[PDB]
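Student: Okay, handing you the structure first.
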Amino acid sequence: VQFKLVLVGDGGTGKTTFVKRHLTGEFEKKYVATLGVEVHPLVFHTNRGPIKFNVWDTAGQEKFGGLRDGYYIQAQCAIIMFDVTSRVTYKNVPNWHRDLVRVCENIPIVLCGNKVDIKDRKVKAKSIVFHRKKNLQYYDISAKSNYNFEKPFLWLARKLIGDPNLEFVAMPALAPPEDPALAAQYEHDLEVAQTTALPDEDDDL
Amino acid sequence: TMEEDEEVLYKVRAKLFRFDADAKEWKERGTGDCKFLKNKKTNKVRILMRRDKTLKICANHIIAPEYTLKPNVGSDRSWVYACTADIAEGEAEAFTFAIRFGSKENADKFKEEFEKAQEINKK
Amino acid sequence: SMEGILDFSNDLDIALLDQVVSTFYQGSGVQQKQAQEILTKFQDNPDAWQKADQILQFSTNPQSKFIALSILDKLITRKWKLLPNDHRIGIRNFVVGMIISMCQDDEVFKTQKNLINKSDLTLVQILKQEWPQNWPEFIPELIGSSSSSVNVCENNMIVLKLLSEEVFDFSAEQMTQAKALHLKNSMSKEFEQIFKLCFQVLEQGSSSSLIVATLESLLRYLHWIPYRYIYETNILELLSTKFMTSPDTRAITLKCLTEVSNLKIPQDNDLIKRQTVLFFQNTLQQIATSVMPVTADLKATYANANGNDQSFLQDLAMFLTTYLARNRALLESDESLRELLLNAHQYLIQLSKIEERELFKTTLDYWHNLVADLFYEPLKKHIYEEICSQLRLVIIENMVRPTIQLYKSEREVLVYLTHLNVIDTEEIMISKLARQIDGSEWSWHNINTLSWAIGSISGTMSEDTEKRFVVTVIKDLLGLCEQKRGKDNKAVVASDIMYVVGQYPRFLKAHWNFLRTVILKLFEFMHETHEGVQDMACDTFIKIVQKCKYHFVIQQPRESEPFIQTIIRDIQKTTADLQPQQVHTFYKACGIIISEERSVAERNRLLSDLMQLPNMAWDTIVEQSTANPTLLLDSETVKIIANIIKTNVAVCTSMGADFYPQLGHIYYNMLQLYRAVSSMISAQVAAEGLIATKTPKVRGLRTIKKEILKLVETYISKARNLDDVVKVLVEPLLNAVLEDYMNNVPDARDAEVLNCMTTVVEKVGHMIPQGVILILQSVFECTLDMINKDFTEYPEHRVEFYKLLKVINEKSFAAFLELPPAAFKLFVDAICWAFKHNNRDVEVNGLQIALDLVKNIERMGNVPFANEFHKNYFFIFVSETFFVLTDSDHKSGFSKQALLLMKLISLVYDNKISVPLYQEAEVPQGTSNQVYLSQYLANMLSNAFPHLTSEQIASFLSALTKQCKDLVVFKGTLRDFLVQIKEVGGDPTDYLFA
Amino acid sequence: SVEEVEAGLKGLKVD
Ligand SMILES: Nc1nc2c(ncn2[C@@H]2O[C@H](COP(=O)(O)OP(=O)(O)NP(=O)(O)O)[C@@H](O)[C@H]2O)c(=O)[nH]1
Ligand SMILES: [Mg+2]
């Protein structure tokens, strides 16, 4: 029960950061450009069983485009990503969409406006209308604040399974289990960890 | 969900970090409710924490009596401690964890409940 | 082992290629990742297109072929003209001959749609290069082949769809203006034959796959073809009847009719008006009989999500809203069209009840268009009385918390709807309120939704109707609160009650005794430990105060004192249970009231009493802090100090120029506190290292400094007496902050220092030229060294640095003239450094600084500094600007790069540079700067873009310089150059387009 | 009925 999801959009819009947040829960602060593409299995637990996404995180910078529209072959769903603080990334959404539906002619697609956590938003909400005539689902998202970060996958799972009432449910929590040769090893890592400051100390949590 | 055979002694909103030793860096693991779960049939208390919205487990281990809560250099609302068997994502792996709360008060009360729970696991 | 295909010395192993492809697509893990890196290297090889002949001929893998068409595609789009023409003949004939071979094989024509579509698109790339000049029979031969096979005829529709897209929909960015117009003209002059083939296939059936592909291509044609092909044929009848019947063609046909509702049509012919009415009547008829009647519950249908129902209801809303916004006046006069008009809107009413935010925003936009027109247009609102009555209920029941954009859209429609029928709106709202009390629709979400609705229509009823409505609403809401048990219930009702009254200030202002009783309750609520109550009471308080401040500052009848005095007197008791951030909101509110007192002595006295508690804590601490600074290591003391300053920021935010007396009370000791705090931060990083800046201890001390700078910035930005600013505030400020910033390690410098200085220069920069010089000397070089090693580190210092330089360049350009020549050189480097940022906050200011600097230099006239500036830095600015224009990594700054470039070019072609821009040796004497500018530019582009011919570079510059007074044409010429540098062999005549 | 709501506001409670 696995589906291939292609993730397309301009370089720097946060496609890789969004996947990393779902994979490990980490927020990667640095921009290391994706080269060609990175495939990652992502599993969610639903009331209809586990759902597996094979996420094809493609590259947005043309210099690193790799196979480009070759990554889309046989895709069953897709996310198109832009950045609401960069109007050019929204201007290019019709280009990514065109290249996408030329290969995948009938798949559910989610359009995502990322980085709504930034206060100086440039692509205002009333200006985002491209999804209407193309029957895409749209979400304001932010990988940094997690605002709506689960919605693109919930909506795609509902469309791929055909159950509008599918829901994410809590995975079962097994009981966790209960040497001196590593007492000095763990203490070494423990004190360098204490002296490394936690990131984002001004956040609410 | 495999949680009804347990009782909830403590519940606090928190952000959990894991230390990447090879990479000089703290990395977030999840934000959500941290619960102290006491098993009704063994009287063992564990840490269960899940991620908001997706409800994925990002912390699952017993409050071992040998663990010790240490402050971190840049926070008066966090604790750092070594964990030797966490099963949040498969096999029981060793982690250096950091856990941050909304205030110094919730951090202090977490330490209170964390060590009380250690005494129940001692018997 | 898999890397064998990367060796072109040997011959291709097709079988080895099919495996590494299969290991990439159907594989996983490390072997998939490795097959990926080899397939990228293979396709990226400049000779791989040569082996595309045999891949697409002998391979059995459709993915391997697809990949090789990509390799071909990159060749056709970028290096086509550079090939020997024999290869252009071969690739052309191979690509076509394949397409027919796949079309005739019904097996493959059905199983490999992806590959056939990729081959059609590859053909379209060739047509962009070769057609029609070297292929004028393509369209006649395309029409001829179509009658031979249904499969080739369908595929021809796909080729034509793709051709129309590349030429008309996606050409503006991908080809030159000249080449686009050439292809548009070509298609335009051969469309008559394409349409007849399209109309014949639609009219004669019968293959649904062939009909749909022809309807998909028709959708693209309607973007550009002239009106007559739609209104002078029968095609509107076919779309609105025959093809609305089958669900296979219903989706595409709806999108076609949506585009038709946007065609350019003469608004005076009454036949075209009847054709626009007729296809709407037919379409609505087919929907009512073949899909669902107007009574159908589209809410439930959408939620069930069977088949393509969701996409269909979305397209139906797009069709109805599009058509009615343009043509509904065609239906409003004739009595025989009245049922069609109201049925269309009744479908919209049902669509508007679907739980789907983006769809709802689409219908809401149309409702706004409609009710705005009924509000202004005579004799129209009676037509829609029953549509509007239903819409009121739909909007009141889907009110959202005040996305705020959605709320403001809902409020606007509902205010309109209330003016169209005030009596209906009140009856609905009181009715909904009754069912909130009788428990039939009681819910936390449902009482909130209704309060927001009630609050949103404020100011739309007559004052006396409003008075009775507000009274009735508050009365029922309180009876709702008493009826409810438990805290969590009684807290939400009481909150809504406060939200409603906060929305009706005209009512509050006319009934002082009520307004007084309100505020007194919020004060009681500021002790309610239940979460949300306190935050609620404080937000309502400042909200009411903003609207009713005048009634707190005057002495109302039958009171002895302005109510502000009563608030201030009990302020300690009132706020005793609030968090610091809520205390600051409270004080800010009191500052709003006080500023309404325009008797200076009374205002200052009110200010003195409001600040009594923070001033007493301040005086105590400043006496205990000075004797002696060990107290500042106490976390509690720095917190108390931070909150005192924040309280001062809050009151200063609302009082502005009137805050000056309170600032003068603390100013000198505050700057002293700034110095003491600064020493401890420095002492701590010395005693513990850079990690000390992360500790709570030092973060608390830096908070004090930041709040002090924010207070001074807040005042100076709003001061009206600037003489006191310069003569009293500026000098002690600079002494306190400039040297401390300069002499701290980078990690201990506060970027707020730059932001504060930007405000000082903004307000009084023209009055303190020696002060602006001192600011530059102390922050310019040491900040530049922090930010000129990458684009990453110190992001805040980066943004504030260039805002500071920008305002200095605007307000006191004299300061840059006083820079030593070495420092001015760093200034120019800093500007170009800003060009290269992807960060928009830096890039936009850097371009603006460069533009303003050029104008600053131009305004100096023929003087040595202006002459030396051009000799040293003109061609640096020209080439740095050209670099970011052409490197494809700064597209977001194109418009301002072009503006700067034209300003630089126009300088030379207007002869405003007096000295020659060359060395006396390199060019003969008397040569104009204009001749030398063209030579420098030709040489610069030739080395930067060696694949361009000399004629290309020469025709580009000739057009560019000639167009340096026309920004829109200039920009088009830059865009044409950006296209030509992406390929080989661009036509130099393209630059004669304008 | 203004003095009426008024008196009701006064008694507004949560306990
Ligand atoms: N403030 C903020 N930053 C974000 C957010 N999401 C991603 N970023 C940041 O934007 C930058 C780009 O990150 P990245 O995930 O690599 O974007 P990308 O689309 O994958 N780039 P590419 O297409 O070249 O692979 C990162 O520095 C990241 O921290 C966000 O939601 N909020
Ligand atoms: Mg990436």
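Chains: A, B, ... in order of the structure tokens. Residues: from 1 per chain. Ligands: from 1, in order shown.
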Identify, on the basis of only C-alpha atoms, every residue whose closest approach to residue 759 of chain C does not exceed 12 Å; exclude the query and any residue fewer than 6 positions from it along the same chain; express the result as a VMD selection string.
Tutor: chain C and resid 709 to 719 725 730 752 to 753 765 772 800 803 to 808 811
Student: For chain A against ligand 2, with a cut-off of 9 Å and counting only C-alpha atoms and all ligand atoms, what is the closest atom pair and its distance in Å to one decimal for every residue that makes the cut, ordered by chain and number, as CSV?
Tutor:
residue,atom,partner,partner_atom_place_in_ligand_line,distance
A:11,CA,ligand 2,1 (Mg),6.9
A:12,CA,ligand 2,1 (Mg),6.9
A:13,CA,ligand 2,1 (Mg),8.3
A:14,CA,ligand 2,1 (Mg),6.7
A:15,CA,ligand 2,1 (Mg),5.7
A:16,CA,ligand 2,1 (Mg),4.2
A:17,CA,ligand 2,1 (Mg),7.1
A:31,CA,ligand 2,1 (Mg),7.3
A:32,CA,ligand 2,1 (Mg),6.4
A:33,CA,ligand 2,1 (Mg),4.7
A:34,CA,ligand 2,1 (Mg),3.8
A:35,CA,ligand 2,1 (Mg),7.5
A:37,CA,ligand 2,1 (Mg),8.1
A:38,CA,ligand 2,1 (Mg),8.4
A:57,CA,ligand 2,1 (Mg),7.1
A:58,CA,ligand 2,1 (Mg),7.2
A:59,CA,ligand 2,1 (Mg),5.8
A:60,CA,ligand 2,1 (Mg),7.2
A:61,CA,ligand 2,1 (Mg),8.8
Student: With N, CA and C atoms kept, could you save the residues just selected as a CSV table (one decimal), in the first residue's frame?
Tutor:
chain,number,residue,atom,x,y,z
A,11,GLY,N,13.8,26.4,-6.5
A,11,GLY,CA,14.8,26.2,-5.5
A,11,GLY,C,14.7,27.1,-4.3
A,12,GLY,N,14.9,26.6,-3.1
A,12,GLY,CA,14.8,27.4,-1.9
A,12,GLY,C,13.4,27.6,-1.4
A,13,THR,N,12.4,27.0,-2.0
A,13,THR,CA,11.0,27.1,-1.4
A,13,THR,C,10.8,26.3,-0.2
A,14,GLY,N,11.7,25.3,0.1
A,14,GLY,CA,11.6,24.5,1.3
A,14,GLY,C,11.0,23.1,1.1
A,15,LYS,N,11.1,22.6,-0.1
A,15,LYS,CA,10.7,21.2,-0.4
A,15,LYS,C,11.4,20.2,0.5
A,16,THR,N,12.7,20.3,0.6
A,16,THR,CA,13.5,19.4,1.3
A,16,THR,C,13.3,19.5,2.8
A,17,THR,N,13.2,20.8,3.3
A,17,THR,CA,12.9,21.0,4.7
A,17,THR,C,11.6,20.5,5.1
A,31,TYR,N,20.3,25.9,3.8
A,31,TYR,CA,19.8,25.6,2.5
A,31,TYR,C,21.0,24.8,1.7
A,32,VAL,N,20.9,23.5,1.7
A,32,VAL,CA,21.8,22.7,0.9
A,32,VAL,C,20.9,22.2,-0.3
A,33,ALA,N,21.2,22.7,-1.5
A,33,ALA,CA,20.4,22.5,-2.7
A,33,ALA,C,20.4,21.0,-3.0
A,34,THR,N,19.2,20.5,-3.3
A,34,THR,CA,19.0,19.1,-3.7
A,34,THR,C,19.6,19.0,-5.1
A,35,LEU,N,20.2,17.8,-5.4
A,35,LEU,CA,20.9,17.5,-6.6
A,35,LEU,C,20.1,16.4,-7.3
A,37,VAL,N,17.5,14.6,-7.2
A,37,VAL,CA,16.3,14.2,-6.4
A,37,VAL,C,16.7,13.2,-5.3
A,38,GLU,N,15.9,13.2,-4.3
A,38,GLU,CA,16.1,12.3,-3.1
A,38,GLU,C,14.8,11.6,-2.8
A,57,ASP,N,11.6,13.9,-3.8
A,57,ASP,CA,12.0,15.3,-3.6
A,57,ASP,C,12.9,15.8,-4.7
A,58,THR,N,12.3,16.4,-5.7
A,58,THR,CA,13.1,16.9,-6.9
A,58,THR,C,13.8,18.2,-6.6
A,59,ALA,N,14.7,18.6,-7.4
A,59,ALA,CA,15.5,19.8,-7.3
A,59,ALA,C,14.8,20.9,-8.0
A,60,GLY,N,14.9,22.1,-7.4
A,60,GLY,CA,14.3,23.3,-8.0
A,60,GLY,C,15.2,24.2,-8.8
A,61,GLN,N,16.5,24.2,-8.4
A,61,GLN,CA,17.5,25.0,-9.1
A,61,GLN,C,17.8,24.4,-10.5
Student: Taking 3 positions as the minimum chain separation for residues in the same chain, which residues sit within 12 Å of residue 7 of chain D when counting only C-alpha atoms? Answer as a PyMOL selection string.
Tutor: (chain C and resi 474-475+478+513-514+516-518+521) or (chain D and resi 1-4+10-12)
Student: For a quick test of understanding: name the residues of chain D lying within 6 Å of chain C when counting only C-alpha atoms, and present them as a list in words.
Tutor: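 Going by the stated atoms only, the list reads residues 5, 6 and 14 of chain D.
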Student: Pull out every residue of chain C that has at least one atom within 9 Å of chain A, counting only C-alpha atoms, and report them as an MDAnalysis selection string.
Tutor: chainID C and resid 25 28:29 32:33 36:37 39:41 43:44 63 66:67 70 113:115 117:118 170 255 303:307 310:311 314:315 318 358:359 362 405:406 691 694:695 792 840 889 891:892
Student: Can you measure atom CA of residue 991 of chain C to atom CA of residue 898 of chain C for me? One decimal in Å is fine.
Tutor: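 Taking atom CA of residue 991 of chain C and atom CA of residue 898 of chain C, their separation equals 16.4 Å.
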Student: What's the separation between atom CA of residue 550 of chain C and atom CA of residue 8 of chain D, in Å to one decimal place?
Tutor: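 Computing it gives 25.5 Å between the two atoms.
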Student: Please find the residues of chain A near chain B - the criterion being any atom within 6 Å, counting only C-alpha atoms - and write them as a PDB file with C-alpha atoms, in the first residue's frame.
Tutor:
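So selection_18.pdb came out as:
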ATOM      1  CA  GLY A  25      10.870  16.019  13.050  1.00  0.00           C
ATOM      2  CA  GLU A  26      13.989  18.146  12.503  1.00  0.00           C
ATOM      3  CA  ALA A 170      -1.913   7.288  17.093  1.00  0.00           C
ATOM      4  CA  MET A 171       0.563   4.497  16.396  1.00  0.00           C
ATOM      5  CA  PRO A 172       0.642   1.725  19.037  1.00  0.00           C
ATOM      6  CA  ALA A 173       3.130   2.379  21.844  1.00  0.00           C
ATOM      7  CA  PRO A 176      10.019  -0.004  26.329  1.00  0.00           C
ATOM      8  CA  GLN A 194      25.222  20.290  27.832  1.00  0.00           C
ATOM      9  CA  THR A 195      27.631  22.940  26.528  1.00  0.00           C
ATOM     10  CA  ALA A 197      23.089  25.606  23.331  1.00  0.00           C
ATOM     11  CA  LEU A 205       8.411  25.963  23.156  1.00  0.00           C
TER      12      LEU A 205
END
Student: Contacts of segment 773-779 of chain C at 7 Å or less, counting only C-alpha atoms, minus same-chain residues fewer than 5 places along, as a compact mmCIF listing (two decimals) with N, CA and C atoms, in the first residue's frame?
Tutor:
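Okay, selection.txt is ready:
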# COMPACT_ATOMS: atom_id res chain seq x y z
N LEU C 738 27.61 53.91 20.25
CA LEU C 738 28.42 53.72 19.05
C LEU C 738 29.72 52.99 19.36
N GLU C 739 30.47 53.48 20.34
CA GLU C 739 31.75 52.85 20.67
C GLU C 739 31.55 51.44 21.21
N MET C 742 31.13 49.22 18.24
CA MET C 742 32.36 49.05 17.47
C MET C 742 33.34 48.12 18.19
N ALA C 815 28.24 62.63 4.18
CA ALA C 815 29.05 61.72 4.99
C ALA C 815 29.91 60.80 4.13
Student: Excluding residue 510 of chain C and its own-chain neighbours fewer than 6 positions away, which residues fall within 10 Å of it when counting only C-alpha atoms? Please give them as a list in words.
Tutor: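 Final neighbour list, sorted by chain and number: residues 463, 467, 548 and 551 of chain C.
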Student: Could you tell me which residues of chain C sit within 12 Å of chain B when counting only C-alpha atoms, and give me the result as a PyMOL selection string?
Tutor: chain C and resi 635+688-700
Student: Could you please take those selected residues and save N, CA, C and O atoms as a PDB file, in the first residue's frame?
Tutor:
ATOM      1  N   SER C 635      19.010  37.442  38.266  1.00  0.00           N
ATOM      2  CA  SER C 635      18.030  37.277  37.202  1.00  0.00           C
ATOM      3  C   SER C 635      16.768  38.082  37.478  1.00  0.00           C
ATOM      4  O   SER C 635      16.158  38.627  36.551  1.00  0.00           O
ATOM      5  N   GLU C 688      33.697  33.525  30.036  1.00  0.00           N
ATOM      6  CA  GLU C 688      33.135  32.233  29.658  1.00  0.00           C
ATOM      7  C   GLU C 688      33.214  31.916  28.172  1.00  0.00           C
ATOM      8  O   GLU C 688      32.960  30.765  27.801  1.00  0.00           O
ATOM      9  N   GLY C 689      33.548  32.877  27.317  1.00  0.00           N
ATOM     10  CA  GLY C 689      33.612  32.635  25.889  1.00  0.00           C
ATOM     11  C   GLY C 689      32.344  33.080  25.187  1.00  0.00           C
ATOM     12  O   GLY C 689      31.392  33.580  25.794  1.00  0.00           O
ATOM     13  N   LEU C 690      32.345  32.885  23.867  1.00  0.00           N
ATOM     14  CA  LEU C 690      31.197  33.273  23.053  1.00  0.00           C
ATOM     15  C   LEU C 690      29.916  32.548  23.452  1.00  0.00           C
ATOM     16  O   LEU C 690      28.822  33.073  23.218  1.00  0.00           O
ATOM     17  N   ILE C 691      30.028  31.366  24.064  1.00  0.00           N
ATOM     18  CA  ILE C 691      28.854  30.635  24.524  1.00  0.00           C
ATOM     19  C   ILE C 691      28.068  31.425  25.554  1.00  0.00           C
ATOM     20  O   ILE C 691      26.892  31.132  25.788  1.00  0.00           O
ATOM     21  N   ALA C 692      28.692  32.422  26.189  1.00  0.00           N
ATOM     22  CA  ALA C 692      27.988  33.198  27.205  1.00  0.00           C
ATOM     23  C   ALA C 692      26.845  34.007  26.604  1.00  0.00           C
ATOM     24  O   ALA C 692      25.886  34.341  27.310  1.00  0.00           O
ATOM     25  N   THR C 693      26.916  34.319  25.308  1.00  0.00           N
ATOM     26  CA  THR C 693      25.819  35.040  24.675  1.00  0.00           C
ATOM     27  C   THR C 693      24.564  34.190  24.550  1.00  0.00           C
ATOM     28  O   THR C 693      23.492  34.737  24.258  1.00  0.00           O
ATOM     29  N   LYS C 694      24.669  32.876  24.750  1.00  0.00           N
ATOM     30  CA  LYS C 694      23.503  32.004  24.712  1.00  0.00           C
ATOM     31  C   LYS C 694      22.884  31.784  26.082  1.00  0.00           C
ATOM     32  O   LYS C 694      21.744  31.316  26.158  1.00  0.00           O
ATOM     33  N   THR C 695      23.602  32.120  27.156  1.00  0.00           N
ATOM     34  CA  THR C 695      23.112  31.885  28.502  1.00  0.00           C
ATOM     35  C   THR C 695      21.888  32.753  28.791  1.00  0.00           C
ATOM     36  O   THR C 695      21.740  33.843  28.228  1.00  0.00           O
ATOM     37  N   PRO C 696      20.987  32.284  29.658  1.00  0.00           N
ATOM     38  CA  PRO C 696      19.878  33.152  30.096  1.00  0.00           C
ATOM     39  C   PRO C 696      20.360  34.465  30.677  1.00  0.00           C
ATOM     40  O   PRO C 696      19.794  35.526  30.414  1.00  0.00           O
ATOM     41  N   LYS C 697      21.415  34.399  31.467  1.00  0.00           N
ATOM     42  CA  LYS C 697      21.980  35.570  32.107  1.00  0.00           C
ATOM     43  C   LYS C 697      22.257  36.697  31.110  1.00  0.00           C
ATOM     44  O   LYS C 697      21.854  37.846  31.329  1.00  0.00           O
ATOM     45  N   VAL C 698      22.971  36.396  30.021  1.00  0.00           N
ATOM     46  CA  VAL C 698      23.378  37.447  29.096  1.00  0.00           C
ATOM     47  C   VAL C 698      22.250  37.789  28.136  1.00  0.00           C
ATOM     48  O   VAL C 698      22.109  38.946  27.721  1.00  0.00           O
ATOM     49  N   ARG C 699      21.430  36.797  27.773  1.00  0.00           N
ATOM     50  CA  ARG C 699      20.228  37.091  27.002  1.00  0.00           C
ATOM     51  C   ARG C 699      19.324  38.065  27.748  1.00  0.00           C
ATOM     52  O   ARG C 699      18.698  38.931  27.127  1.00  0.00           O
ATOM     53  N   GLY C 700      19.279  37.978  29.079  1.00  0.00           N
ATOM     54  CA  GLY C 700      18.510  38.942  29.846  1.00  0.00           C
ATOM     55  C   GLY C 700      19.127  40.324  29.857  1.00  0.00           C
ATOM     56  O   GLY C 700      18.408  41.329  29.881  1.00  0.00           O
TER      57      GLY C 700
END
Student: Using Å and a single decimal, report how far atom CA of residue 20 of chain C sits from atom CA of residue 38 of chain C.
Tutor: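 Spanning atom CA of residue 38 of chain C to atom CA of residue 20 of chain C is a straight-line distance of 8.2 Å.
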Student: Fewer than 5 positions away in the same chain doesn't count, so skip those; otherwise give me all residues within 10 Å of residue 118 of chain A, counting only C-alpha atoms, as a PyMOL selection string.
Tutor: chain A and resi 84-85+142+144-145
Student: Please save N, CA and C atoms of the selected residues as an mmCIF file, in the first residue's frame.
Tutor:
data_model
loop_
_atom_site.group_PDB
_atom_site.id
_atom_site.type_symbol
_atom_site.label_atom_id
_atom_site.label_comp_id
_atom_site.auth_asym_id
_atom_site.auth_seq_id
_atom_site.Cartn_x
_atom_site.Cartn_y
_atom_site.Cartn_z
ATOM 1 N N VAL A 84 5.724 32.083 -0.076
ATOM 2 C CA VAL A 84 4.867 33.267 -0.069
ATOM 3 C C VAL A 84 5.650 34.545 0.171
ATOM 4 N N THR A 85 6.945 34.440 0.451
ATOM 5 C CA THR A 85 7.803 35.606 0.575
ATOM 6 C C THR A 85 8.569 35.906 -0.704
ATOM 7 N N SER A 142 3.754 26.133 6.679
ATOM 8 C CA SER A 142 5.066 26.577 7.132
ATOM 9 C C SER A 142 5.791 25.389 7.746
ATOM 10 N N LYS A 144 8.557 25.605 9.268
ATOM 11 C CA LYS A 144 9.209 26.049 10.496
ATOM 12 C C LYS A 144 8.260 26.006 11.688
ATOM 13 N N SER A 145 7.030 26.489 11.519
ATOM 14 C CA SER A 145 6.064 26.525 12.610
ATOM 15 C C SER A 145 5.107 25.343 12.598
#
Student: Determine, counting only C-alpha atoms, which protein, DNA and RNA residues have an atom within 10 Å of an atom of residue 387 of chain C; residues of the same chain fewer than 4 positions away are not included. Present the result as a ChimeraX atom specification.
Tutor: /C:342-343,345-346,348-349,383,391-392
Student: Give the alpha helix (DSSP H) residues of chain D, as DSSP finds them on the backbone, and put them as a short mmCIF file (atom, residue, chain, number, x, y, z; two decimals) with C-alpha atoms, in the first residue's frame.
Tutor:
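Printed below is states_2.cif as written:
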data_model
loop_
_atom_site.label_atom_id
_atom_site.label_comp_id
_atom_site.auth_asym_id
_atom_site.auth_seq_id
_atom_site.Cartn_x
_atom_site.Cartn_y
_atom_site.Cartn_z
CA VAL D 2 -30.56 49.77 28.96
CA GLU D 3 -30.36 49.94 32.71
CA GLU D 4 -31.59 46.42 32.59
CA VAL D 5 -28.74 44.87 30.58
CA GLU D 6 -26.49 47.09 32.51
CA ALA D 7 -27.49 45.54 35.81
CA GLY D 8 -27.04 42.17 34.16
CA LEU D 9 -23.56 42.89 33.09
CA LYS D 10 -22.77 43.80 36.63
#
